[PDB]
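Inspection log for the structure reproduced underneath, given as C-alpha cells.
All Cβ positions, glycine included, derive from the backbone under ideal geometry; neighbour counts span all protein chains shown. Taken together, the values in this text are just the output of simple stated rules run on the coordinates, not laboratory data.
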Amino acid sequence: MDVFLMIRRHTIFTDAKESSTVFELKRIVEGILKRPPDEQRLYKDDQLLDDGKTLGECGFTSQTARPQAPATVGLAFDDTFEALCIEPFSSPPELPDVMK
Amino acid sequence: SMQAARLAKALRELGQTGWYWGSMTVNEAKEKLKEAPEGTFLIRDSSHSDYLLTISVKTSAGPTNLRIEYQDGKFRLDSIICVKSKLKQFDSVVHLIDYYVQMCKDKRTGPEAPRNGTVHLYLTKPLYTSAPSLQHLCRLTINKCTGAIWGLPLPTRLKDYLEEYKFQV
Amino acid sequence: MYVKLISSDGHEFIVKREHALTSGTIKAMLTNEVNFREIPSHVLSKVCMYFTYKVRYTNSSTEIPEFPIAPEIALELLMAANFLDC
Ligand SMILES: Cc1cc(CNC(=O)[C@H](Cc2ccc(OP(=O)(O)O)cc2)NC(=O)Cc2ccc(F)cc2)ccc1F
C-alpha cells in the first residue's frame, strides 16, 4: 500500500500509495514547486514513466521504498524540457580507527 | 544503599530501551509476538508475586515467556530452568539482555536447543513500543562499533549521554 | 503545510511540516524555511528519513523495523540529532 519516496532535483520527502498513478505524482509537485504537470517529467533510474501507469506498474513496492529507506525519484523541468541532473550529497568522512 | 540506588538505575535504563512494555499480560504478549520472526523479544512486568520483569520471546513454536529473577541486587534468568551457576548474574536487566542477545549474534548459540542441559535463549532483534530517539539510535549504533567512547572526536556532553546507555540493543 | 530545510552545502529538502515538528529545536522556531549551516547534506537527508520513520511508527500497530545507520555518519548525525532535539 504505502510507498515512501524522495523526489530529488538539483529533494522532496513524501509518501504515496502503490495504486497512485504517475500523473498523480506530477500533481503533488505542482502544489509546492508551483509548476504545471504538463511542464513535468519523471525519471525512475534512467527511464521515463507513463502518467497512466501506477507506481507499482513502474516497479515500486512497500518493501523496496520503506520510510526508513525510501526509493528516490528524479525530475526534469523554456521550449524543450530540461535534462535530469541530481547532485549527490556530501561524502561522510573516514571512520575513526577505533570504530573501524 | 548500594542495592537501592543500583535498582532504580536498572529501571531507568529499562525506560531508555524503547522495548520495555511495563504492565503487559501474557495474552497481550502472545498476540503482539504472533507474527514476529523467530527471536524477537520484549520485556514486561511479571504477573508473579516473586518476580518483577519477564521476557516474552517468539520461537518457531510460537511466543513463550521467561521470567527474570532478582536476589540481593543481582538480575538473572529464572533459577527454576537451570542450576544457578549456569545462569549469569547482572546489575542491569538490560545488560542481562544485551549479553544473551550478543551471544546469539556471535553464533555462540543458535535457534536449536543444546542437548547438554545448559540454558538456551534465542534472541535476535527487539520489538519497540515506539520509534526511539534518533540520538538513541546512534548510541546503539556507536556502541556496536566501540566501547571506548571517551577516545572519540566528540564533545564531552555527548559522550556522557553515551555513557548512560552503553548497550548494543 | 510543507517546509524547506537547507544544509551546509546548500542541499534543499522539502518535507511535511508535521514531519519536521518531531525535532524539538525546529518546533520552537515556528518565512517557512530554515537554514542549517553546520549540518552537511549527507546528514541532513537522514534526519528527514528519521522524521518519516518516527511519524509512521509512532503507533506500535505495525511492527517497527530497525533504522539503518551506517557507522561513518553515526558520529556526525548524533551531534545533529542533539541539535534538532529528536
Ligand atoms: C523461553 C523459555 C521458556 C521456558 C519455560 N517457560 C514457560 O513454561 C512459561 C511460563 C510462564 C508463563 C507466563 C509468564 O508471564 P508472567 O507470569 O506474567 O511473568 C512467565 C512464564 N509458559 C509459557 O510461556 C506458555 C504460554 C505461552 C503463551 C501465552 F500467552 C501464555 C503461556 C524455559 C526456558 C526458556 F528458554
Are any residues in region C:1-33 farther than 20 Å from residue B:133 by Cβ and β-branched (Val, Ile, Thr), and if so, which ones? C:3, C:6, C:14, C:31
I'd like to verify a number: residues in region C:33-76 that are in contact with a strand residue (DSSP E or B) (Cβ under 6 Å, 6 or more places away or on another chain) and charged (D, E, K, R), how many? 1
Scanning region C:48-74 for residues that are surrounded by 16 or more Cβ atoms within 10 Å (Cβ to Cβ) and more than 7 Å from every other protein chain (Cβ to nearest Cβ) gives C:51, C:55
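Yes/no matrix, rows are residues, columns are (1) more than 14 Å from chain C (Cβ to nearest Cβ); (2) outside any loop (DSSP other than H, G, I, E, B); (3) in contact with a strand residue (DSSP E or B) (Cβ under 8 Å, 6 or more places away or on another chain):
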site: A:6; (1), (2), (3): no, yes, yes
site: A:43; (1), (2), (3): yes, yes, yes
site: A:52; (1), (2), (3): yes, no, yes
site: A:90; (1), (2), (3): no, no, no
Does any residue of region C:14-30 turn out to be assigned to a helix (DSSP H, G or I), within 7 Å of another protein chain (Cβ to nearest Cβ) and of a type in the set (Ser, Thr, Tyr)? no
Within region C:1-24, restricting to residues that are within 16 Å of residue A:90 (Cβ to Cβ) and of a type in the set (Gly, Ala, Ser), the one that is surrounded by the fewest Cβ atoms within 10 Å (Cβ to Cβ) is C:10
Considering only residues that are assigned to a loop (DSSP other than H, G, I, E, B), more than 8 Å from the ligand (Cβ to nearest atom) and either farther than 22 Å from residue B:111 by Cβ or of a type in the set (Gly, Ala, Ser) (or both), which ones fall in region B:49-84? B:49, B:50, B:52, B:60, B:61, B:71, B:72, B:73, B:74, B:79, B:80, B:83
Looking at B:92, B:130, B:46 in this structure, which one is of a type in the set (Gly, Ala, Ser) and within 12 Å of the ligand (Cβ to nearest atom)? B:46
Working carefully through the options B:122, B:161, B:128, find the one that is within 14 Å of another protein chain (Cβ to nearest Cβ) and either within 15 Å of the chain's Cα centre (by Cα) or in a loop (DSSP other than H, G, I, E, B) (or both). B:128
Is it the case, given these coordinates, that residue A:60 is aromatic (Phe, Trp, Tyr), within 12 Å of the chain's Cα centre (by Cα) and assigned to a loop (DSSP other than H, G, I, E, B)? yes
Would you say residue C:27 is closer than 16 Å to residue A:70 by Cβ and either among the polar types (S, T, N, Q) or surrounded by fewer than 22 Cβ atoms within 10 Å (Cβ to Cβ) (or both)? no
Given (1) exposed (fewer than 14 other Cβ atoms within 10 Å of the Cβ); (2) in contact with a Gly (Cβ under 8 Å, 6 or more places away or on another chain); (3) in a helix (DSSP H, G or I), where does residue A:38 come up short, assuming only one miss? (2)
Among the residues of region B:147-154, are any touching a helix residue (DSSP H, G or I) at 6+ places or on another chain (Cβ under 8 Å), closer than 15 Å to residue B:13 by Cα and at the interface with another protein chain (Cβ under 8 Å from one of its Cβ atoms)? no
Under 8 Å by Cβ, and 6 or more places apart or on different chains, what pairs join a residue from region B:51-62 that is of a type in the set (S, T, N, Q) with one that is more than 7 Å from the ligand (Cβ to nearest atom) and in a strand (DSSP E or B)? B:54/B:43; B:54/B:44; B:54/B:45; B:54/B:68; B:56/B:41; B:56/B:42; B:56/B:43; B:56/B:44
The lone condition residue B:14 fails out of (1) among the aliphatic types (A, V, I, L, M); (2) near the ligand (Cβ under 10 Å from one of its atoms); (3) within 23 Å of residue B:127 (Cβ to Cβ) is (2)
